[PDB]
Amino acid sequence: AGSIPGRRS
Amino acid sequence: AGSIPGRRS
Amino acid sequence: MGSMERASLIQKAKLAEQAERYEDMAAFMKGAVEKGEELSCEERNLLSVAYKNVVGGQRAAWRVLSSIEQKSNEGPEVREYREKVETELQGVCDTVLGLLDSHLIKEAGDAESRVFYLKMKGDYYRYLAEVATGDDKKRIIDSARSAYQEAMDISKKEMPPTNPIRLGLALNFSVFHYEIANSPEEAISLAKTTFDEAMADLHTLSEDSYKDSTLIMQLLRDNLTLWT
Amino acid sequence: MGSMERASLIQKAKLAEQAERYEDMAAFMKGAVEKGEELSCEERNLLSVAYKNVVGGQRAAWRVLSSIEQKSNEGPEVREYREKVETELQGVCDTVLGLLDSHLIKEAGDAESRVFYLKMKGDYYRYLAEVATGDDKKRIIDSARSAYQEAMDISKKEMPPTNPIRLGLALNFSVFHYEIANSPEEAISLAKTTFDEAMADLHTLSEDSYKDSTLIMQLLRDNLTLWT
Ligand SMILES: *Cc1ccc(C(=O)NCc2cnn(C)c2)cc1
Ligand SMILES: *Cc1ccc(C(=O)NCc2cnn(C)c2)cc1
Ligand SMILES: [Ca+2]
Ligand SMILES: [Ca+2]
Ligand SMILES: [Cl-]
Ligand SMILES: [Cl-]
Ligand SMILES: [Cl-]
Ligand SMILES: [Cl-]
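Chains P, P', A and A', in that order, are what the protein sequence lines are. A prime marks a further copy of an entry chain. Here the authors' numbering is used: position 8 in the first sequence is 50, and no number is missing along the way. Here the authors' numbering is used: position 2 in the second sequence is 44, and no number is missing along the way. Going left to right, the third sequence walks through residues -2 to 71, 78 to 231 as the authors' numbering numbers them. Going left to right, the fourth sequence walks through residues -2 to 71, 78 to 231 as the authors' numbering numbers them.
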């Protein structure tokens, strides 16, 4: 289950 | 140009 | 970071993100917050991206070690090292929560900032809950739920159903319900209602806003597909 | 790490590698080295893998920042932050070199350990040379060359041409020639002769040794393809 990716700015 | 990957043990 | 200019801290946070130096990025953004001024939309994103990456690495490592530890209970080293990583993770979560409490949230009056910070508060208590096992797992879960709920209430009143902050908040609260609170029905209901109400609002958006919202709606759909 | 058992340090280094916690891995292996006992083949690999990953992240970040810095010279923040990363990288290289000098190399008598450590010495001076710009770039380059050369001399006398340590040493020395010493002809000649002499020795190997050697020979071939 995926949360929101705070991957890239 | 690639050196030796000390990637995994 | 008290001797560095606020603008220099922000500029170096952006450089650190480009260099994938997220520990540095977080320390720069922590310094920027401690200057005491409110954060712009872009600056809030930098703060969130930095700590999300740092704690994301710690969570991934903790899960690897916790899995090894459980396979061994079917010397003290595996437990000791899992404990060390867990303590470091809790320290990072406590640091972020301290920044929100001193004093980001109390000065955040606009919906876009206040909902963003309260979602953050819910997220970092959720990360604490992931590793909690003692007399305070319940209180940590309730702290996460309370922050998410206040953010939810504001976002329903003040933001359109397609707002990316509102959508990402609902996504993470639904993950909270499913993974932390043992409420998969609430998780599925929230994700479905969030998706459907956003779908009905898409006609109001520009091409660029449409892409932003549909991207996050796909994440809700992916979870629903996994959960049903 | 003075209060932790050597065996516990080794065990935790292996756990850290599984968790991709390479900074921890390096600190555990540094503690193991400082116990003063020689390292086994497996333990030497753990030491090398840990620091290779740590400095590999720093080199990647330094290149990102150096590229930004050069695009700006066509405030002081980009230079300052590149300098900070560069100083941290140099500290890691100095730490590894200190471990080799106190006292890994002087106690290493077998070809497999001595060549391995001297190749390491060449590698970490090569990393120092990558960022060197002052009155000591020449001396750093000569320190790398001297370590590689001593390792080369031992490996020719004591190891078969397919030995993976010998092959990886020649690979990295050829990269030294090409990238650091401005000697692309020497780099190409070394890679070609290394490949050809290994090819002629493959018939002596088991199925598993054959896979180990041909894998590294492919890396020599990839470089030759890029260089010619
Ligand atoms: C709280 C929060 C909401 C939304 C975002 C966001 O827009 N992240 C970018 C993104 C959109 N779709 N993906 C996969 C990433 C961040 C934080
Ligand atoms: C100095 C040194 C020599 C050889 C190796 C090694 O065998 N690394 C594993 C490997 C083989 N082929 N690839 C891509 C990785 C490490 C260090
Ligand atoms: Ca100022
Ligand atoms: Ca002991
Ligand atoms: Cl530990
Ligand atoms: Cl305000
Ligand atoms: Cl800096
Ligand atoms: Cl010895």
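We treat Cβ as the ideally placed atom computed from N, Cα and C, and that holds for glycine.
Alpha carbon of residue i to alpha carbon of residue j, nearest angstrom
i: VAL61/A; j: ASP145/A; result: 27 Å
i: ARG50/P'; j: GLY112/A; result: 49 Å
i: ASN175/A'; j: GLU2/A'; result: 34 Å
i: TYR84/A'; j: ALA154/A; result: 36 Å
i: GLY48/P; j: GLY137/A; result: 29 Å
i: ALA4/A'; j: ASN50/A'; result: 22 Å
i: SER0/A; j: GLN55/A; result: 29 Å
i: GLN93/A; j: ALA57/A; result: 14 Å
i: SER63/A; j: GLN8/A'; result: 15 Å
i: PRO163/A; j: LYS214/A; result: 15 Å
i: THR165/A; j: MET123/A; result: 19 Å
i: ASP97/A'; j: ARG142/A'; result: 15 Å
i: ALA16/A'; j: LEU218/A; result: 30 Å
i: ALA203/A; j: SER212/A; result: 14 Å
i: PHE179/A; j: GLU39/A; result: 26 Å
i: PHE119/A'; j: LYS68/A'; result: 39 Å
i: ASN70/A'; j: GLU133/A'; result: 20 Å
i: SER105/A'; j: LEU131/A'; result: 19 Å
i: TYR19/A'; j: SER45/P'; result: 19 Å
i: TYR151/A; j: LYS140/A; result: 17 Å
i: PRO79/A'; j: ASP156/A'; result: 46 Å
i: residue 238/A'; j: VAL95/A'; result: Not covered by the structure: residue 238/A'. The range shown for chain A' is -2 to 231.
i: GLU210/A'; j: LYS195/A'; result: 24 Å
i: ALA201/A; j: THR228/A'; result: 53 Å
i: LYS32/A'; j: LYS32/A; result: 44 Å
Residue i - DSSP class collapsed to helix/strand/coil
i: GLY(-1)/A'; result: coil
i: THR217/A; result: helix
i: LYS160/A'; result: helix
i: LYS68/A; result: helix
i: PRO187/A'; result: helix
i: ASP104/A; result: helix
i: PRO47/P'; result: coil
i: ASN226/A'; result: helix
i: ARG18/A'; result: coil
i: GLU31/A; result: coil
i: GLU133/A'; result: helix
i: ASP139/A; result: coil
i: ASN175/A'; result: helix
i: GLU110/A; result: coil
i: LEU208/A; result: coil
i: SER116/A'; result: helix
i: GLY78/A; result: coil
i: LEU36/A; result: coil
i: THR165/A'; result: coil
i: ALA13/A; result: helix
i: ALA24/A; result: helix
i: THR231/A; result: coil
i: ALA203/A; result: coil
Cβ neighbours of residue i in the same chain (closer than 7 Å, five flanking residues each side left out)
i: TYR181/A'; result: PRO187, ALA190 and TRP230
i: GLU91/A'; result: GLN55
i: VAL88/A; result: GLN55, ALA58, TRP59 and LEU62
i: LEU208/A; result: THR165 and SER216
i: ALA135/A; result: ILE143
Neighbourhood of residue i by C-beta distance below 6 Å, restricted to the same chain and skipping five residues each side
i: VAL99/A; result: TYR48 and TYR127
i: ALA10/A; result: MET22, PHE25, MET26 and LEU43
i: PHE198/A'; result: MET220 and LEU223
i: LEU121/A'; result: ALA150, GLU153 and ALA154
Pair within 8 Å by beta-carbon distance, residue i and residue j
i: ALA147/A; j: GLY125/A; result: yes
i: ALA173/A; j: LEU205/A; result: no
i: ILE168/A; j: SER158/A; result: yes
i: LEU6/A'; j: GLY28/A'; result: yes
i: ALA43/P'; j: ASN185/A'; result: no
i: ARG41/A; j: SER149/A; result: no
i: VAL46/A'; j: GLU14/A'; result: yes
i: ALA114/A; j: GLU161/A; result: yes
8 Å CB neighbourhood of residue i in its chain, flanking five on each side removed
i: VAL30/A; result: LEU36, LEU44, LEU102 and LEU107
i: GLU66/A'; result: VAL81, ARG82 and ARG85
i: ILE183/A'; result: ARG129, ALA132, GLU133, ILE144 and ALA147
i: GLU110/A; result: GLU35
Discussion item. At a CB distance below 7 Å, what residues from the segment 173 to 195 of chain A approach chain P? Give them in sequence order.
Written reply: Those residues of the segment 173 to 195 of chain A placed with their C-beta closer than 7 Å to a C-beta in chain P are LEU174, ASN175, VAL178, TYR181 and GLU182, ordered along the chain.
Worksheet item: If you measure beta-carbon to beta-carbon, which residues of the segment 21 to 39 of chain A are closer than 9 Å to chain P?
Response: For the segment 21 to 39 of chain A, the beta-carbon criterion of a distance under 9 Å to any beta-carbon of chain P is satisfied by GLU39.
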